[PDB]
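Structure first, commentary second.
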Amino acid sequence: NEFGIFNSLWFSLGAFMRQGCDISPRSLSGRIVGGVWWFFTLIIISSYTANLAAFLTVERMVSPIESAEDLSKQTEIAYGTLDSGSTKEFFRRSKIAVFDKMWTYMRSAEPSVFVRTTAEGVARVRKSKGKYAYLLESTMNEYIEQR
Amino acid sequence: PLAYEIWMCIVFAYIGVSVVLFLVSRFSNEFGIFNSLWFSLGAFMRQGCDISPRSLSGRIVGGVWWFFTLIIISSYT
Amino acid sequence: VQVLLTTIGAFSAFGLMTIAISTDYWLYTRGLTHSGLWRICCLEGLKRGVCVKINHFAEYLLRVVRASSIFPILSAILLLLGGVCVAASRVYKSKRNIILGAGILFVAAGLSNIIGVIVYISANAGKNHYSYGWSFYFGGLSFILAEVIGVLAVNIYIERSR
Amino acid sequence: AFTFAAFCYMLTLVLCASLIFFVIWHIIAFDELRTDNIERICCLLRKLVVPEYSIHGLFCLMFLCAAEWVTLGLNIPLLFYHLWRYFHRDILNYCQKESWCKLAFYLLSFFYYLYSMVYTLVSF
Amino acid sequence: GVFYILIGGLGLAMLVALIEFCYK
Amino acid sequence: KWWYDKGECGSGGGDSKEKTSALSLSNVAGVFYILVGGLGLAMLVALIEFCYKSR
Amino acid sequence: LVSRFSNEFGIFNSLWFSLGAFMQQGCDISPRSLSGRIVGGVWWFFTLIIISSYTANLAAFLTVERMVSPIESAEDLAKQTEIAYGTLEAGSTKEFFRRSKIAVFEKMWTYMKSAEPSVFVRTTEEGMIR
Amino acid sequence: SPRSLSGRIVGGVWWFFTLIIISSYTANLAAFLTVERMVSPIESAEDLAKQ
Ligand SMILES: O=c1[nH]c2cc(C(F)(F)F)c(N3CCOCC3)cc2n(CP(=O)(O)O)c1=O
Ligand SMILES: Oc1nc2ccc(-c3c(Cl)cccc3OC(F)(F)F)cc2[nH]1
Ligand SMILES: CCCCCCCCCCCCCC
Ligand SMILES: CCCCCCCCCCCCCC
Ligand SMILES: CCCCCCCCCCCCCC
Ligand SMILES: CCCCCCCCCCCC
Ligand SMILES: CCCCCCCCCCCC
Ligand SMILES: CCCCCCCCCCCC
Ligand SMILES: CCCCCCCCCCCC
Ligand SMILES: CCCCCCCCCC
Ligand SMILES: CCCCCCCC
Ligand SMILES: CCCCCCCC
Ligand SMILES: CCCCCCCC
Ligand SMILES: CCCCCCC
Ligand SMILES: CCCCCCC
């Protein structure tokens, strides 16, 4: 039994990939390591197969955002509002820090995130996959969602 | 997981592959009627085979049977 | 015998791969417009005959490779570099080492040929029943004949040394 | 369709073809002895006869589990002839007639599996 | 399909064995 | 009645969860790329070992 | 090409060894050099990933096929929007659905009242063949 | 590997045992992760009324 730094690597690689090993350890203190590594790779491959089967079976797609105070910190999705109205006037004179940061981001934003009509806003929302968000009234939001 | 009609087809295909491998290794590696049953049993249970067929007409049976036990076991699991 | 089966194979694999990347008849999608490598020529698209170039515009590295099709071309560049290496058997003979330099290029083109399809299929899909035309199957012969020429060029080098 | 008996008829076509080569190699061994080392001509005959009788034993066993008793009746008299040879273990003219019938019987029944299998697959 | 592949492989192996036996 | 009942989409019909798509090369190419890279690296290290043994 | 620079790794044994490595069954021979062992390990990783992914996808397919529910009740037909349900153009069923003050039937009536395809058929045989 | 006949029978039966055990363990673990991943917390009043 040689089991050099190369043959040991080859045997461990053949044991990890469920392939037939070339040689087996002769001493007991090597057979212990062999059996332990066999059990380890068996458990690992079984768990990997089980998780990959659980993935393709059912899907759980989560939204990339959950609130307004979260998107104001990531700053990865360019969100836009109406040009002139209640939302713009509310975000203009805002004392809270979160909406103030949102407004100072929407002010110096290229291209212009402001939209004239809500129809163009929902059109841009439907066009952009995950790089746009509109801030409208909850009633109109629910109505557009239900359409 | 497997219907009773498949279990009866696997045993006769196991023996059928074994007897053919013995006939292939006869026209010409021992691969008798006993060693062929052992090699086919070690190949069906995903274990390490003791020896491999030497001739091309014997290697075809080994590679085909290997694809058979791979699909059956993957379908059973 | 084998010394002549390699030079005829190099000119039958390079001259056959350059055709598969030239004519744009690789993919057939649906009007039924046949596709290609660098540009697709539409058919039954509200016009009798139209043929316009496709516009492709850290996933940007895959789009430039699909646009700038270097892998299906690099295999043709290696086929001609290896085709002249085996041509050096007459001039400057008795070297017994230049044949090995051709066996590396004959297989390095096969690795760059199978890759040129992986970047082409992954970008194609990225219902609509699409098929592969006769021009796409020509590139497949540029890989099978690239391995038979890679086993016949190295086998001669072994016989020359032995 | 796909039945267990349809698969049993498929394995027979691959196995019965091997039984054809045995009875063909038999008439060649008898032809060489008729023209005329003698030990190699008969000892090899003893080595070839055993697999031929054991392979046919599967034909009577596969169809038994396949519920195809209409075909088993065409193979039982063939297995009964093997019991006579197994029990007792000129002669040239007798053994020659005892081998030409094997080639004809192993061939006429071979076409049955080539047609009885189709009578079940396409009949879905 | 795997049973058809098995049967086809067995038949091809028998044919190759016949060819290699008749080669000598 | 006027907002949720007169809706154009239903949650039950949209959540079909049937007929999952068969796996294609669009997400398996990650292993083919690694296979080709390993083949190239092995050929390169073999050529380097041959050049070192010749010298 | 790698294992024959100038062993038992010819062109016929290499195919056999690679086929045995792809099927995860193993062979008696093994690459003796270093780059050959690298090739073997990379091929082993590739075939292991492929087999695991195939088994997982087959299990997912079978589980999705076994977890199916046919439309049986009217509540299941009202929630399911993949199948469009219609009735006679002028009959007692339309008059009953127009005056049904039930939440189970009201949603069905509002769904059948607005639809791009034909959700009302004049002849019952035409609806049958449809 | 077992050289005798009855010795090969021991290995053959043991091979069938470990094959069923490993296949059942992998299949059961896949069911555990799938059922755990296919969970839905009570969010709306309609979900609370049904549950
Ligand atoms: O008194 C009535 N007797 C009816 C008897 C029948 C049936 F016997 F089943 F043929 C039917 N059909 C059931 C389904 O549609 C096709 C025919 C409808 C009837 N209607 C409704 P109308 O035909 O629209 O007036 C009545 O009002
Ligand atoms: O330049 C090119 N090299 C190629 C190598 C192979 C193929 C190919 C064939 Cl021959 C048959 C079926 C599918 C194929 O491609 C696959 F990726 F496998 F889908 C096409 C090629 N084109
Ligand atoms: C597929 C089976 C082919 C069989 C071919 C047999 C050829 C025999 C040639 C020699 C005949 C000698 C007769 C005495
Ligand atoms: C047989 C050994 C295979 C080793 C494969 C290593 C692959 C590394 C991929 C790294 C991807 C990183 C993504 C962030
Ligand atoms: C290694 C070979 C194992 C063979 C196991 C055979 C088990 C047979 C069980 C039959 C059960 C019948 C239930 C109706
Ligand atoms: C001589 C070696 C005996 C086996 C030791 C390892 C067995 C696999 C791990 C078992 C953990 C409980
Ligand atoms: C010499 C043997 C080559 C491989 C033949 C069998 C391969 C597995 C089955 C493939 C069916 C398409
Ligand atoms: C892209 C401009 C040149 C097109 C040349 C087409 C040649 C077709 C040859 C077909 C041979 C079968
Ligand atoms: C958009 C321009 C495309 C030009 C394609 C030229 C292809 C040349 C191939 C040469 C192979 C040796
Ligand atoms: C089909 C023959 C080769 C055509 C291309 C020749 C070279 C062009 C370089 C731009
Ligand atoms: C027995 C030889 C060991 C060599 C170790 C080399 C580590 C890089
Ligand atoms: C090579 C010896 C074959 C023996 C066959 C015995 C069948 C029961
Ligand atoms: C000496 C003949 C080699 C043939 C190799 C074929 C590979 C597909
Ligand atoms: C072209 C090389 C052929 C090698 C055959 C080895 C059996
Ligand atoms: C005896 C047949 C050898 C074939 C070698 C190339 C596959």
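Just so we're on the same page: first chain in the structure tokens is A, next is B, and so on; residues restart at 1 for each chain, and ligands are numbered from 1 in the order they show up.
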
Could you name the residues that touch stretch 107-117 of chain G at 8 Å or less, counting only C-alpha atoms, but leaving out those on the same chain fewer than 5 positions away, as a PDB file with C-alpha atoms, in the first residue's frame?
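Result saved to result.pdb:
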```
ATOM      1  CA  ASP F   5     -65.737  40.763  -7.611  1.00  0.00           C
ATOM      2  CA  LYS F   6     -65.484  42.447 -11.033  1.00  0.00           C
TER       3      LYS F   6
ATOM      4  CA  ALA G  78     -65.486  29.394 -10.492  1.00  0.00           C
ATOM      5  CA  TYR G  85     -67.639  27.732 -19.111  1.00  0.00           C
ATOM      6  CA  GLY G  86     -70.672  28.838 -21.106  1.00  0.00           C
ATOM      7  CA  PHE G  97     -77.960  32.665 -13.671  1.00  0.00           C
ATOM      8  CA  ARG G  98     -79.151  36.240 -14.251  1.00  0.00           C
TER       9      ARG G  98
END
```

Could you give me, as a PyMOL selection string, every polymer residue with an atom at most 9 Å away from an atom of ligand 12, counting only C-alpha atoms and all ligand atoms?
(chain B and resi 22+26+30-34) or (chain D and resi 47+50-51+54-55)

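Here atom CA of residue A:65 and atom CA of residue F:12 stand 24.0 Å from one another.
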
Please extract the residues at most 10 Å from ligand 15, counting only C-alpha atoms and all ligand atoms, and provide them as a PyMOL selection string, using the chain letters and residue numbers of this document.
(chain B and resi 54-57) or (chain E and resi 16+20) or (chain G and resi 10-16)

Output N, CA, C and O atoms of each residue in that selection to a file, as a PDB file, in the first residue's frame.
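Done, and the output landed in out26.pdb:
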```
ATOM      1  N   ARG B  54     -13.748  -7.937 -22.273  1.00  0.00           N
ATOM      2  CA  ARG B  54     -12.591  -7.600 -23.095  1.00  0.00           C
ATOM      3  C   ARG B  54     -12.970  -7.342 -24.549  1.00  0.00           C
ATOM      4  O   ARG B  54     -12.522  -6.357 -25.143  1.00  0.00           O
ATOM      5  N   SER B  55     -13.789  -8.212 -25.134  1.00  0.00           N
ATOM      6  CA  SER B  55     -14.152  -8.068 -26.536  1.00  0.00           C
ATOM      7  C   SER B  55     -15.153  -6.931 -26.724  1.00  0.00           C
ATOM      8  O   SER B  55     -15.828  -6.494 -25.788  1.00  0.00           O
ATOM      9  N   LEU B  56     -15.242  -6.451 -27.967  1.00  0.00           N
ATOM     10  CA  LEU B  56     -16.194  -5.392 -28.286  1.00  0.00           C
ATOM     11  C   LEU B  56     -17.629  -5.886 -28.165  1.00  0.00           C
ATOM     12  O   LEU B  56     -18.482  -5.198 -27.591  1.00  0.00           O
ATOM     13  N   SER B  57     -17.914  -7.077 -28.694  1.00  0.00           N
ATOM     14  CA  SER B  57     -19.247  -7.656 -28.591  1.00  0.00           C
ATOM     15  C   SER B  57     -19.644  -7.974 -27.155  1.00  0.00           C
ATOM     16  O   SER B  57     -20.827  -8.219 -26.898  1.00  0.00           O
TER      17      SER B  57
ATOM     18  N   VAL E  16     -22.216  -8.672 -33.859  1.00  0.00           N
ATOM     19  CA  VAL E  16     -20.784  -8.389 -33.815  1.00  0.00           C
ATOM     20  C   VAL E  16     -20.002  -9.641 -33.439  1.00  0.00           C
ATOM     21  O   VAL E  16     -18.911  -9.888 -33.964  1.00  0.00           O
ATOM     22  N   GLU E  20     -17.112 -11.301 -35.721  1.00  0.00           N
ATOM     23  CA  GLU E  20     -15.773 -11.568 -35.207  1.00  0.00           C
ATOM     24  C   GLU E  20     -15.435 -13.053 -35.208  1.00  0.00           C
ATOM     25  O   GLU E  20     -14.254 -13.404 -35.303  1.00  0.00           O
TER      26      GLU E  20
ATOM     27  N   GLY G  10      -5.730   3.107 -25.060  1.00  0.00           N
ATOM     28  CA  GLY G  10      -5.792   3.317 -26.493  1.00  0.00           C
ATOM     29  C   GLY G  10      -7.020   4.108 -26.886  1.00  0.00           C
ATOM     30  O   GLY G  10      -7.559   4.899 -26.102  1.00  0.00           O
ATOM     31  N   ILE G  11      -7.474   3.899 -28.121  1.00  0.00           N
ATOM     32  CA  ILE G  11      -8.703   4.532 -28.589  1.00  0.00           C
ATOM     33  C   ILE G  11      -9.932   3.668 -28.323  1.00  0.00           C
ATOM     34  O   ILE G  11     -11.050   4.204 -28.271  1.00  0.00           O
ATOM     35  N   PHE G  12      -9.762   2.360 -28.138  1.00  0.00           N
ATOM     36  CA  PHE G  12     -10.881   1.483 -27.822  1.00  0.00           C
ATOM     37  C   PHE G  12     -11.126   1.369 -26.324  1.00  0.00           C
ATOM     38  O   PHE G  12     -12.282   1.255 -25.900  1.00  0.00           O
ATOM     39  N   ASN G  13     -10.065   1.397 -25.516  1.00  0.00           N
ATOM     40  CA  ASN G  13     -10.228   1.332 -24.068  1.00  0.00           C
ATOM     41  C   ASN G  13     -10.666   2.668 -23.482  1.00  0.00           C
ATOM     42  O   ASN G  13     -11.318   2.693 -22.433  1.00  0.00           O
ATOM     43  N   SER G  14     -10.320   3.779 -24.137  1.00  0.00           N
ATOM     44  CA  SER G  14     -10.720   5.089 -23.634  1.00  0.00           C
ATOM     45  C   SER G  14     -12.231   5.268 -23.711  1.00  0.00           C
ATOM     46  O   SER G  14     -12.855   5.777 -22.772  1.00  0.00           O
ATOM     47  N   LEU G  15     -12.836   4.857 -24.829  1.00  0.00           N
ATOM     48  CA  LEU G  15     -14.289   4.929 -24.956  1.00  0.00           C
ATOM     49  C   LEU G  15     -14.974   4.074 -23.899  1.00  0.00           C
ATOM     50  O   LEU G  15     -15.959   4.500 -23.286  1.00  0.00           O
ATOM     51  N   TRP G  16     -14.456   2.867 -23.664  1.00  0.00           N
ATOM     52  CA  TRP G  16     -15.042   1.981 -22.664  1.00  0.00           C
ATOM     53  C   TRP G  16     -14.930   2.579 -21.266  1.00  0.00           C
ATOM     54  O   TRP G  16     -15.891   2.552 -20.487  1.00  0.00           O
TER      55      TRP G  16
END
```

Tell me which protein, DNA and RNA residues are within 10 Å of residue F:45, counting only C-alpha atoms, leaving out same-chain ones fewer than 6 positions away, and put them as a PyMOL selection string.
(chain F and resi 39+51) or (chain G and resi 2+34-35+38)

May I have the residues within 7 Å of ligand 6, computed using only C-alpha atoms and all ligand atoms, as a list in words?
residues 28, 31, 32, 35, 36 and 39 of chain A

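Residues of protein, DNA or RNA having any atom at most 12 Å from ligand 13, counting only C-alpha atoms and all ligand atoms, are residues 1, 2, 5, 107, 141, 143, 144, 145, 146, 147, 148, 149, 150, 151, 152, 153, 154, 155, 156, 158 and 159 of chain C; 1, 10, 11, 12, 13, 14, 15 and 16 of chain G.
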
So that each row is one residue of chain G with an atom at most 12 Å from ligand 4, can you give its shortest atom pair and the distance in Å to one decimal, using only C-alpha atoms and all ligand atoms, rows by chain and rising number, as a tab-separated table?
```
residue	atom	partner	partner_atom_place_in_ligand_line	distance
G:37	CA	ligand 4	1 (C)	9.9
G:38	CA	ligand 4	1 (C)	7.3
G:39	CA	ligand 4	1 (C)	8.5
G:40	CA	ligand 4	1 (C)	8.4
G:41	CA	ligand 4	1 (C)	4.9
G:42	CA	ligand 4	1 (C)	4.3
G:43	CA	ligand 4	1 (C)	7.6
G:44	CA	ligand 4	1 (C)	7.1
G:45	CA	ligand 4	1 (C)	5.3
G:46	CA	ligand 4	1 (C)	8.0
G:47	CA	ligand 4	1 (C)	10.7
G:48	CA	ligand 4	1 (C)	10.3
G:49	CA	ligand 4	3 (C)	10.7
```

Residue set, stretch 102-144 of chain C restricted to helix (DSSP H, G or I), as a ChimeraX atom specification:
/C:102-125,134-144

Can you spit out the residues from that selection as a short mmCIF file (atom, residue, chain, number, x, y, z; two decimals), in the first residue's frame, using N, CA, C and O atoms?
```cif
data_model
loop_
_atom_site.label_atom_id
_atom_site.label_comp_id
_atom_site.auth_asym_id
_atom_site.auth_seq_id
_atom_site.Cartn_x
_atom_site.Cartn_y
_atom_site.Cartn_z
N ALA C 102 0.11 18.97 -34.93
CA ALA C 102 -1.16 18.97 -35.64
C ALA C 102 -2.25 18.22 -34.88
O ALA C 102 -3.43 18.57 -35.00
N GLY C 103 -1.87 17.19 -34.11
CA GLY C 103 -2.85 16.48 -33.31
C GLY C 103 -3.42 17.29 -32.17
O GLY C 103 -4.50 16.96 -31.66
N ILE C 104 -2.73 18.35 -31.75
CA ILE C 104 -3.25 19.21 -30.70
C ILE C 104 -4.26 20.20 -31.28
O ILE C 104 -5.31 20.46 -30.68
N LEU C 105 -3.95 20.77 -32.45
CA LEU C 105 -4.86 21.73 -33.06
C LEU C 105 -6.11 21.05 -33.60
O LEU C 105 -7.19 21.66 -33.65
N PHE C 106 -6.00 19.79 -34.01
CA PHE C 106 -7.15 19.08 -34.55
C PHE C 106 -8.18 18.77 -33.47
O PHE C 106 -9.38 18.66 -33.77
N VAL C 107 -7.75 18.64 -32.22
CA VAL C 107 -8.68 18.42 -31.11
C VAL C 107 -9.02 19.71 -30.38
O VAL C 107 -10.12 19.80 -29.79
N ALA C 108 -8.14 20.71 -30.39
CA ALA C 108 -8.47 21.99 -29.78
C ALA C 108 -9.58 22.71 -30.54
O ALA C 108 -10.30 23.52 -29.95
N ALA C 109 -9.74 22.41 -31.83
CA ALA C 109 -10.85 22.97 -32.59
C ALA C 109 -12.16 22.28 -32.25
O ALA C 109 -13.22 22.91 -32.31
N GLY C 110 -12.11 20.99 -31.88
CA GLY C 110 -13.32 20.30 -31.47
C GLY C 110 -13.86 20.79 -30.14
O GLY C 110 -15.08 20.79 -29.92
N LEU C 111 -12.98 21.21 -29.24
CA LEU C 111 -13.42 21.79 -27.97
C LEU C 111 -14.05 23.16 -28.18
O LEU C 111 -15.00 23.52 -27.48
N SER C 112 -13.52 23.94 -29.12
CA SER C 112 -14.08 25.24 -29.45
C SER C 112 -15.29 25.15 -30.37
O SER C 112 -15.96 26.17 -30.58
N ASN C 113 -15.57 23.98 -30.93
CA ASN C 113 -16.74 23.78 -31.78
C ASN C 113 -17.97 23.37 -30.99
O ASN C 113 -19.07 23.85 -31.26
N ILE C 114 -17.80 22.49 -30.00
CA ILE C 114 -18.92 22.13 -29.13
C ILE C 114 -19.30 23.32 -28.25
O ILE C 114 -20.48 23.47 -27.88
N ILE C 115 -18.34 24.18 -27.92
CA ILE C 115 -18.64 25.37 -27.13
C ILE C 115 -19.46 26.36 -27.95
O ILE C 115 -20.40 26.98 -27.44
N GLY C 116 -19.12 26.51 -29.23
CA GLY C 116 -19.84 27.43 -30.10
C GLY C 116 -21.32 27.12 -30.25
O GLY C 116 -22.08 27.98 -30.70
N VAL C 117 -21.73 25.91 -29.89
CA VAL C 117 -23.14 25.53 -29.93
C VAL C 117 -23.81 25.75 -28.58
O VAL C 117 -24.99 26.11 -28.52
N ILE C 118 -23.07 25.53 -27.49
CA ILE C 118 -23.63 25.77 -26.16
C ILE C 118 -23.97 27.24 -25.97
O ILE C 118 -25.01 27.59 -25.40
N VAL C 119 -23.10 28.13 -26.46
CA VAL C 119 -23.38 29.56 -26.40
C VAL C 119 -24.44 29.96 -27.41
O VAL C 119 -25.03 31.04 -27.30
N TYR C 120 -24.71 29.11 -28.41
CA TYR C 120 -25.73 29.40 -29.41
C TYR C 120 -27.10 28.89 -29.00
O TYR C 120 -28.11 29.53 -29.33
N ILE C 121 -27.17 27.76 -28.29
CA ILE C 121 -28.46 27.23 -27.86
C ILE C 121 -28.96 27.95 -26.61
O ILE C 121 -30.15 28.25 -26.48
N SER C 122 -28.05 28.26 -25.68
CA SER C 122 -28.44 28.97 -24.47
C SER C 122 -28.92 30.38 -24.77
O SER C 122 -29.78 30.91 -24.06
N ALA C 123 -28.38 31.00 -25.82
CA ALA C 123 -28.82 32.33 -26.23
C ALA C 123 -30.01 32.29 -27.17
O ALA C 123 -30.67 33.32 -27.35
N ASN C 124 -30.30 31.14 -27.77
CA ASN C 124 -31.46 31.03 -28.65
C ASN C 124 -32.76 31.08 -27.85
O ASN C 124 -33.65 31.88 -28.15
N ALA C 125 -32.89 30.23 -26.83
CA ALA C 125 -34.09 30.23 -26.01
C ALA C 125 -34.16 31.46 -25.12
O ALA C 125 -35.26 31.96 -24.83
N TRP C 134 -30.80 22.12 -42.31
CA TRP C 134 -29.71 21.31 -42.85
C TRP C 134 -28.36 21.99 -42.69
O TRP C 134 -27.33 21.32 -42.61
N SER C 135 -28.35 23.33 -42.64
CA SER C 135 -27.09 24.05 -42.49
C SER C 135 -26.53 23.94 -41.08
O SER C 135 -25.32 24.10 -40.90
N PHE C 136 -27.37 23.66 -40.08
CA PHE C 136 -26.88 23.50 -38.72
C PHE C 136 -26.25 22.13 -38.52
O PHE C 136 -25.31 21.98 -37.72
N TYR C 137 -26.74 21.11 -39.23
CA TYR C 137 -26.16 19.78 -39.12
C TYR C 137 -24.79 19.69 -39.77
O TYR C 137 -24.03 18.75 -39.46
N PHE C 138 -24.45 20.62 -40.65
CA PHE C 138 -23.11 20.63 -41.25
C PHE C 138 -22.05 20.92 -40.20
O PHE C 138 -20.96 20.33 -40.23
N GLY C 139 -22.34 21.82 -39.26
CA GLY C 139 -21.40 22.08 -38.18
C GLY C 139 -21.16 20.88 -37.30
O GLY C 139 -20.08 20.74 -36.71
N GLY C 140 -22.15 19.99 -37.18
CA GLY C 140 -21.95 18.77 -36.42
C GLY C 140 -20.92 17.86 -37.05
O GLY C 140 -20.15 17.20 -36.34
N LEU C 141 -20.89 17.80 -38.38
CA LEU C 141 -19.86 17.03 -39.07
C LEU C 141 -18.48 17.64 -38.90
O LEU C 141 -17.48 16.93 -39.07
N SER C 142 -18.39 18.93 -38.58
CA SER C 142 -17.12 19.58 -38.33
C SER C 142 -16.51 19.19 -36.99
O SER C 142 -15.35 19.53 -36.73
N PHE C 143 -17.27 18.51 -36.13
CA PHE C 143 -16.77 18.00 -34.86
C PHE C 143 -16.48 16.51 -34.89
O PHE C 143 -15.50 16.06 -34.29
N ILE C 144 -17.31 15.72 -35.58
CA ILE C 144 -17.04 14.29 -35.71
C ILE C 144 -15.79 14.06 -36.55
O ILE C 144 -14.91 13.27 -36.18
#
```

Counting only C-alpha atoms and all ligand atoms, which protein, DNA or RNA residues come within 9 Å of ligand 3, given as a count of residues only?
6

Please check which protein, DNA or RNA residues sit within 8 Å of ligand 9, counting only C-alpha atoms and all ligand atoms, and write them as a list in words.
residues 18, 21, 22, 38, 73, 76, 77 and 80 of chain C

List all protein, DNA and RNA residues that have any atom at most 7 Å from ligand 1, counting only C-alpha atoms and all ligand atoms, and write the list as a PDB file with N, CA and C atoms, in the first residue's frame.
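Wrote result24.pdb, looks like this:
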```pdb
ATOM      1  N   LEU G  88     -76.375  28.047 -22.818  1.00  0.00           N
ATOM      2  CA  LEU G  88     -77.177  28.353 -23.993  1.00  0.00           C
ATOM      3  C   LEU G  88     -77.331  29.861 -24.154  1.00  0.00           C
ATOM      4  N   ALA G  90     -80.060  31.587 -25.396  1.00  0.00           N
ATOM      5  CA  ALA G  90     -81.376  31.974 -24.889  1.00  0.00           C
ATOM      6  C   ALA G  90     -82.050  30.727 -24.325  1.00  0.00           C
ATOM      7  N   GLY G  91     -82.015  30.580 -23.008  1.00  0.00           N
ATOM      8  CA  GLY G  91     -82.613  29.431 -22.369  1.00  0.00           C
ATOM      9  C   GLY G  91     -82.916  29.705 -20.913  1.00  0.00           C
ATOM     10  N   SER G  92     -83.341  28.648 -20.218  1.00  0.00           N
ATOM     11  CA  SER G  92     -83.678  28.782 -18.804  1.00  0.00           C
ATOM     12  C   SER G  92     -82.432  28.917 -17.939  1.00  0.00           C
ATOM     13  N   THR G 124     -77.690  23.549 -28.878  1.00  0.00           N
ATOM     14  CA  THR G 124     -77.001  22.704 -27.908  1.00  0.00           C
ATOM     15  C   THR G 124     -76.021  21.749 -28.581  1.00  0.00           C
TER      16      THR G 124
END
```

Which residues, written as a list in words, have at least one atom at most 8 Å from residue G:55, with only C-alpha atoms counted and residues fewer than 4 positions away on the same chain left out?
residues 49 and 53 of chain A; 74, 75 and 77 of chain B; 51 and 59 of chain G

With only C-alpha atoms considered, list every residue of chain A at most 7 Å from chain G, as a ChimeraX atom specification.
/A:13,17-20,49,52-53,56-57

Among chain A, which ones does DSSP place in strand (DSSP E), written as a ChimeraX atom specification?
/A:78-80,132-134

If the limit is 12 Å from any atom of ligand 5, counting only C-alpha atoms and all ligand atoms, which residues qualify? Return them as a ChimeraX atom specification.
/B:3-5,7-8,10-11,14,37-38,40-42,44-45 /H:8-20

How would you report the residues lying within 12 Å of ligand 11, as a ChimeraX atom specification, if you count only C-alpha atoms and all ligand atoms?
/A:2-9

Please provide as a list in words all residues within 8 Å of residue C:25, with the sequence filter that same-chain residues fewer than 2 positions apart are discarded (counting only C-alpha atoms).
residues 23, 27, 28, 34, 35, 36, 133, 134, 135 and 136 of chain C
